[PDB]
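# Fold and geometry: a report
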Number of protein chains: 4
Amino acid sequence: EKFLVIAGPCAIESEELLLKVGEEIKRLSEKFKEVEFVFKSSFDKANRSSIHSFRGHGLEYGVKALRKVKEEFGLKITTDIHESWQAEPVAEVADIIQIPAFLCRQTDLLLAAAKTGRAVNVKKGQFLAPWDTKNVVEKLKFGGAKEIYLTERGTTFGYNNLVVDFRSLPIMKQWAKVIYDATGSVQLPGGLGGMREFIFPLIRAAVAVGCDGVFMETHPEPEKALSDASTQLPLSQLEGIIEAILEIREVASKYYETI
Amino acid sequence: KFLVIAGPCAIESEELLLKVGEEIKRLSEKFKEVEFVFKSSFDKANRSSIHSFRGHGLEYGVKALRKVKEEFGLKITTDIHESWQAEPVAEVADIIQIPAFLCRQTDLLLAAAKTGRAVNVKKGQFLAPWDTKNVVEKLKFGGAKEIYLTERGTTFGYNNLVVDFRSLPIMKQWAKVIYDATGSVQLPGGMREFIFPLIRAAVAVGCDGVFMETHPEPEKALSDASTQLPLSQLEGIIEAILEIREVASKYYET
Amino acid sequence: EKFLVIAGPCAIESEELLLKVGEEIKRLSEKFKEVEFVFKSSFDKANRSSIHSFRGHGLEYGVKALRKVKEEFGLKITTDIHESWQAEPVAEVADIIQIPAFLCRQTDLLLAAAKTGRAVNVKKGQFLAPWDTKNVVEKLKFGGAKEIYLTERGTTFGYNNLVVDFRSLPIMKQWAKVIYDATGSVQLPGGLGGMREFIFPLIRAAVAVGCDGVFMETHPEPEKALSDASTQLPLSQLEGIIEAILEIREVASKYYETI
Amino acid sequence: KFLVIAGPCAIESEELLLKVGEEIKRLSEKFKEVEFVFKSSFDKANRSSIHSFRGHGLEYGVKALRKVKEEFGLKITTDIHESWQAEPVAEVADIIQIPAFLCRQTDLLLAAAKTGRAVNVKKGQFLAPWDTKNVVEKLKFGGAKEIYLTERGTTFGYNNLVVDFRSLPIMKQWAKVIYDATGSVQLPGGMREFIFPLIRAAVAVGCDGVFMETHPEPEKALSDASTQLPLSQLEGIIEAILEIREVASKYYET
């Protein structure tokens, strides 16, 4: 099956930022034809730790910017929703509606996304056990969702630290396609946080174990990003990472267990 | 004064709310030292299963809660799940409760603060004690003056919550702290036998109040049936924690 | 039942240190007649993180120093063993043989302690669940132990941090007398560690929940201690702490659940 | 060269050791690129239950292991539990293994190092990756030149271990790293279905070798019966990790 790569800047800092990242993602989509690329960016960071942190430029501006990326590069789109009313307007441009980690249990939000007819990708809550995502998928199917993804992004391990229990990949694969969030899994919640040095090794682990796609927030200059500055992957490094995981996936694939 | 927030997990009917409210009223008269706040949810918006009980709706719930406040003169608290609900709920709720999974949702917190009511945030199972400082800051920015942080356990491996009591003195630096005695012993995705021992610990350590979901017949509850405290055991636990608090309070750190 | 208070300097830094702490413990034993005091100190710190840290002055010197405390003040004694051969010599002076946390599963060590006829106190391993101490008690009884204690000293919570799950107290009480380690429970393993500011609040929690005794490492000047300098309680504060827990125990006692 | 440490958890008999050793020898001939080390314990000194199988003693175990090395020319490794055992075990053991619970016992580590043999320390379930630096330092101080650190999972809530793969690159800073594929999936006080997926992850991340307890009939094993890999599946897993390593090694960080 075509490998999925969801990538883009964490937040829609500006329409210019999106087009710049979109251009590179488009270039990579032309090279890696065996990969299905989906451009990602949030119109709002609704769960920042501090009230003083950057949130965004609003839904309207965000949807408009994402539409430009889709029209200019012909790339599929994904963004996250935070409250039920946002599903409808967002569904106008988003091919995949993303459900934030902390909201993976909010029934109305999941139902709102499912009835749009769009694909739905749920970030697995840091408090959730792998086997408990079965009911999350059940809610989505109940709501009309036909294309469902579950994204592994770490589990609470002590304070301000997340661990990736790779046993979750084959467990969740029992009821949905699985995506591995390479940048969210190395963040240190309320750290100041994150450790970029572990992004690559863990993504290699993900593809060796076996998943249906990877999720990576990428920015031209992570050091200057307005959100997740400690975990976003430098755009210049995206190509090499993708080539590497495709190579590891190929050699490991014959050993992937059947569900 | 010491705060005691109690009531059935969900508003299964205003009939249930009236039976529990009657008991809460009686204790309210017996323990004048304590401030009682009646609690119940008009919607269980985060059930694991799509087939579980959610409730009878916001309107039916506000009506029922309104009846309790009018029939017993008790303060009220209920939780909201999306920003638009803050305004209508603030009509009856003296304290607006923010669910644990939603403790980081800026708009929900701001919407609760805008109502001018007191706000009680359930500390997420994913949050470290010191990270609640920012939660308080958001509420203050939104105009909230009476802010509470409720300890309800922290993720400890899978399907288990542990109570790190170091959180009580840490959170007290920026807000009044409440201890959720029934939620802290639940096993996500609980053990009633640990409710009393841990609530005794909470008052020995020092808190500003306790939170307890209570039902006449927990086993018959439509939500949190495994952790809700039988209504008949409430008086005994309250008298017990008041006695322990009386003695231990001498040592609560400044 | 008489409340147990096990206290003393973490390590036998010198015979002079022991006698100084012993004098104060003796004074407190005369005041708090309802308490059973047991003087504690290790002749060897066999599990230090660094090879350069203080270990001790040997078993011989240690036993001799402890014997002096017992002869001079008439106080019961306890110290820990690290290998089976140490049980016999140590049993000559120790009323209670302590089993280190990391060694709570070492069958031969537990058996060696049990056959001495002395009481045995096992520090619960940071990796052990409360219900798994049932087999630890079974091993000790199998080995001849008639007086057994289980000591709560925290559980691994993420890296370099320990949490105290107070549910362990009533669980372990099902098969043995329970002791709460007030100083070990606030240490940050490999922290540099520990947080002395939490010693008092947590010990209050312990007695409110209900335990059979408390364990506290105390030193005249913790800041200058050769081991556990970040968690040992200043000797001057011991009296107040004991009075406080006795008061809280009394008021909470009528509510202690029956096993 | 890449290291593969494998053998039955316990020396249930030298008869068992010979059957497994025969298979390990065959793979040794098939995979010349890999260095095989036969492993088995002469004593399970940390069983949860006093009524569980421990073994036939040190002497019987050393004898059995001695037979494997002589009959197959395979290197040997076994674990010690108390300092006095280092010397007698060093007679046959090329690598002395230190149990996870005992990774902080200074005298045991020093005794292992004094023998002049290589030392492999199982990382305690209570240890953070960076704290193994001090473990290595103790061994170096004791005269050890060939030092290995084995990842075998970390305490995650109760009766569960999680493998934090960030540990591999962190520990590689001061020692050769081995991944225990069978111990990492056990549930203290396991799931065989996760052995292969996680070992694939280990080689994709990058390690210096793998550790696997294997038995002809795991279900009939006297120890770790729930995690031991069936002997017949060993060749397939080895070929698989060698292929993955061949491709992924290009990306192992310096």
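Residues numbered from 1 in each chain as written, not as in the entry; some residues may be left out. Chains lettered and ligands numbered in written order. Heavy atoms only, no water.

Definition in use: UniProt positions are given in the numbering used here, feature names are shortened, and annotations may be inferred rather than shown by experiment.
Per the PDB entry, chain B carries the name KDO-8-phosphate synthetase and comes from Aquifex aeolicus. The UniProt entry for chain B carries the following comment under Catalytic activity: "D-arabinose 5-phosphate + phosphoenolpyruvate + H2O = 3-deoxy-alpha-D-manno-2-octulosonate-8-phosphate + phosphate".

For chain A, the name recorded in the PDB entry is KDO-8-phosphate synthetase, with Aquifex aeolicus as its organism. Per UniProt, the comment on chain A under Subcellular location is "Cytoplasm".

### A few points about the overall build of chain B
Stated precisely, the cut-off is as follows: Per the convention used, a helix needs a DSSP run of H or I reaching at least four residues, while a strand needs a run of E reaching at least two, with both numbered from the N terminus. Radius of gyration here is computed from C-alpha atoms only, and the compact-globule reference equals 2.2 Å multiplied by the residue count raised to the power 0.38. Burial classes: relative accessible area under 20% of the type maximum marks a residue as buried, over 50% as exposed, and values in between as partly exposed (1.4 Å probe, protein chains only). Note that accessible areas follow from Shrake-Rupley with a 1.4 Å probe, and for residues the cover is restricted to the protein chains shown.
Assigned secondary structure in chain B consists of eight helices and 11 strands. Its C-alpha atoms give chain B a radius of gyration of 17 Å, within 12% of the compact-globule value 18 Å for 254 residues. Projected onto its principal axes, the C-alpha positions of chain B cover 45 × 40 × 40 Å. Buried residues in chain B amount to 66% of all 254 residues. Approximately 9000 Å² of chain B is accessible, and the part contributed by carbon and sulfur atoms is 47%.

### Overview of the overall build of chain A
Applicable threshold: Just so you know, the count uses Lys and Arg for positive and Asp and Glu for negative, and it drops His and the chain ends. Where a charge lies is defined by one atom per residue type: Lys uses NZ, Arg uses CZ, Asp uses CG and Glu uses CD.
Within chain A, the secondary structure is distributed over eight helices and 11 strands. Over its C-alpha atoms chain A spans a radius of gyration of 17 Å, differing by no more than 12% from the 18 Å that the globule rule assigns to 259 residues. In terms of principal-axis extent, the alpha carbons of chain A reach across some 45 × 40 × 40 Å. Per-residue burial over chain A gives 66% buried out of 259 residues. If you sum the accessible surface of chain A, you get close to 9100 Å²; carbon and sulfur atoms cover 48% of it. Of note, chain A has its 33 positive side-chain charges centred 3 Å away from the centre of its 36 negative side-chain charges.

### Quick word on the packing of helix α7 (residues 195-205) of chain B against helix α7 (residues 199-209) of chain C
Put simply, the rule reads: Between N-to-C directions, angles cover 0 to 180 degrees, with each direction set by a line fitted to C-alpha atoms, over the stretch in contact for helices. Each crossing is labelled by how the near helix is turned from the far one, with a counterclockwise turn of less than a right angle marking it left-handed and a clockwise turn marking it right-handed. Whether two residues are in contact is decided by their heavy atoms, any of which lying within 4.5 Å being enough. Three classes are used, and their members are as follows: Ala, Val, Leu, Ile, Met, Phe, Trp, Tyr, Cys and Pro are nonpolar, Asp, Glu, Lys and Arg are charged, and the others, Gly among them, are polar.
For the pair α7 of chain B and α7 of chain C, the least separation of the axes is 8 Å and the interaxial angle reads 145°. For the element pair α7 of chain B and α7 of chain C, the recorded crossing hand is right-handed. For the pair α7 of chain B and α7 of chain C, the contacting residues are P197, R200, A201, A204 and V205 of chain B in the first and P201, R204, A205, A208 and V209 of chain C in the second. Residue classes in the contact of α7 of chain B with α7 of chain C are distributed as eight nonpolar, no polar and two charged.

### Brief notes about the interface of chain A and chain B
Filter applied, for reference: Buried area is a sum: the accessible area each of two parts loses on coming together, probed at 1.4 Å, counted once for each and added. Note on definitions: salt bridges are taken to be side-chain nitrogens of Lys or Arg within 4 Å of carboxyl oxygens of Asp or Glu. Distance and chemistry together define a polar contact, namely a pair of N or O atoms within 3.5 Å, with one atom able to donate a hydrogen and the other to accept it when in protein, and with adjacent residues in sequence counting only for side-chain atoms on both sides.
Chain A puts 36 residues into the contact, and the matching count from chain B is 35 residues. Taken over both partners, the interface formed by chain A and chain B buries close to 3500 Å², and the fraction arising from carbon and sulfur atoms is 52%. Area buried by chain A at its contact with chain B is led by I51, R105 and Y159 of chain A, which between them contribute 21% of it. Counting the contacts that link chain A with chain B gives two salt bridges. A salt bridge links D108 of chain A to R54 of chain B, with the shortest nitrogen-to-oxygen separation between them at 3.0 Å. Counting across the interface, chain A meets chain B through 14 residue pairs in polar contact. Sorting the residues of the side of chain A that touches chain B by element identifies α4 (107-114), α5 (134-142) and β7 (155-156) of chain A as the ones contributing at least two each. Tallying contributions element by element places α5 of chain A first for the side of chain A that touches chain B, with four residues. Considering only residue class, the side of chain A that touches chain B consists of 13 nonpolar, 13 polar and 10 charged.

### So, the packing of helix α1 (residues 15-31) of chain C against helix α2 (residues 59-73) of chain C
Residues and elements named next belong to chain C. The cut-off we apply is this: Geometric relationships in this document are graded by angle, where less than 35 degrees denotes roughly parallel, more than 145 denotes roughly antiparallel, 65 to 115 denotes roughly perpendicular, and other angles denote oblique.
Between α1 and α2, whose axes approach to 10 Å, the crossing angle comes to 30°. Here α2 runs roughly parallel to α1, going by the angle between their axes. The handedness of the crossing between α1 and α2 is right-handed. Of the residues in α2, those in contact with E15, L18, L19, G22, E23 and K26 of α1 are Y61, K64, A65, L66, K68, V69, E72 and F73. Its residues placed into classes, the contact of α1 with α2 shows seven nonpolar, one polar and six charged.

### Overview of the interface of chain D and chain B
Listed by partner, the interface residues are four residues for chain D and four residues for chain B. In total, about 380 Å² of surface goes out of reach between chain D and chain B, with carbon and sulfur atoms giving 76% of it. Looking only at chain D, the three residues that lose the most surface to chain B are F156, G157 and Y158 of chain D, adding up to 86% of its buried area. Where chain D touches chain B, the interface holds zero salt bridges. On the surface where chain D and chain B come into contact, there are zero residue pairs in polar contact. Looking at the side of chain D that touches chain B residue by residue, the classes come out as two nonpolar, two polar and no charged.

### A short note on the packing of aromatic side chains
Working definition: an aromatic ring pair is given by the centre-to-centre distance plus the angle between the planes. Our working definition: Two rings from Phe, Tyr or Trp (for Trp, the six-membered ring) form a pair when their centres are within 6.5 Å of each other. A pair whose planes differ by under 30 degrees is stacked, one over 60 is edge-to-face, and the rest are tilted.
Here the structure, examined in full by the defined rule, presents 26 aromatic pairs over all chains. With centroids separated by 5.7 Å and ring planes inclined at 75°, the aromatic side chains of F165 of chain B and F166 of chain C adopt a geometry described as edge-to-face. One end of the pair, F165 of chain B, is in the loop between β8 (161-162) and α6 (167-171); the other, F166 of chain C, is in the loop between β8 (162-163) and α6 (168-172), on a second chain. There is no split in this pair, since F165 of chain B and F166 of chain C are both buried. Measuring from centroid to centroid gives 5.3 Å for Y159 of chain C and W130 of chain D, while their planes differ by 75°, and the two rings are edge-to-face. Linking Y159 of chain C in the loop between β7 (155-156) and β8 with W130 of chain D in the loop between β5 (118-122) and α5 (133-141), this pair reaches from one chain into another. With relative accessibility at 38%, the residue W130 of chain D sits in the partly exposed group. Cluster of aromatic residues (ring-pair linked, three or more members): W131 and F157 of chain A, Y158 of chain B, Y159 of chain C together with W130 and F156 of chain D.

### Quick word on the pattern of salt bridges
Under the criterion given, the structure shown has 72 salt bridges over all chains. A salt bridge links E30 of chain C to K26 of chain C; the nearest nitrogen and oxygen atoms lie 3.5 Å apart. Of this pair, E30 of chain C and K26 of chain C both sit in helix α1, four residues apart, which is roughly one turn of that helix. Residue classification places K26 of chain C among the partly exposed positions, given a relative accessible area of 26%. Notably, a salt bridge pairs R117 of chain D with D94 of chain D, separated by 3.6 Å at the nearest N-O pair. You can see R117 of chain D sitting in the loop between α4 (106-114) and β5 and its partner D94 of chain D sitting in the loop between α3 (86-89) and β4 (95-98), a full 23 residues away along the chain. The buried category is assigned to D94 of chain D, whose relative accessible area is 19%. Salt bridges linked by common partners bring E24, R27, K31 and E239 of chain A together as one network.

### What about the pairing of strand β9 (residues 177-181) of chain C?
Residue and element names in this part refer to chain C. Selection criterion: At least two DSSP bridges between two strands are required for those strands to pair.
With four of its five residues buried, β9 lies for the most part within the structure. Across four bridges, the pairing between strand β6 (residues 148-152) and β9 is parallel. If you follow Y149 over to β9, its bridge partner there is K177. Strand direction decides the pairing type here: β9 and strand β10 (residues 213-219), joined by three bridges, are parallel. Its bridge partner lying in β10, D181 is registered against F215.

### Details of the nonpolar core
Put simply, the rule reads: Take the buried residues of types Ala, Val, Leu, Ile, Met, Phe, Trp, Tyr and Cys, join any two whose side-chain atoms come within 4.5 Å, and each joined set is a nonpolar core.
Ranked by size, the top nonpolar core spans 334 residues in total, and within it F166 of chain A, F165 of chain B, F166 of chain C together with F165 of chain D carry the most contacts. Once residues within four sequence positions are removed from consideration, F166 of chain C is found in contact with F165 and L198 of chain B together with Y180, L202, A205, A206 and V209 of chain C.

### What about the relation of the copies chain D and chain B?
Defined as follows: Superposition of the copies is carried out by least squares, using only their C-alpha atoms.
The two copies are related by a screw motion: chain D maps onto chain B through a turn of 180° and a shift of 0.0 Å along the axis, at an RMSD of 0.0 Å. The superposition operator between the copies reduces to a two-fold rotation axis. Judged by C-alpha distance, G157 of chain D is the residue of chain D that lies nearest the rotation axis, at 1.9 Å. Mapped onto chain B, 100% of the interface residues of chain D again fall at the interface, so both copies present the same surface.

### Topic: the environment of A182 of chain C
All names here are of chain C. With respect to the helices and strands, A182 occurs in the loop between β9 and α7. According to the relative accessible area criterion, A182 is buried, its value standing at 0%. In the structure, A182 is positioned 91 residues away from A91 in sequence and 25 Å away in space, judged by C-alpha atoms. Not counting residues up to four positions away in its chain, the partners in contact with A182 are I199, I203, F215 and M216.

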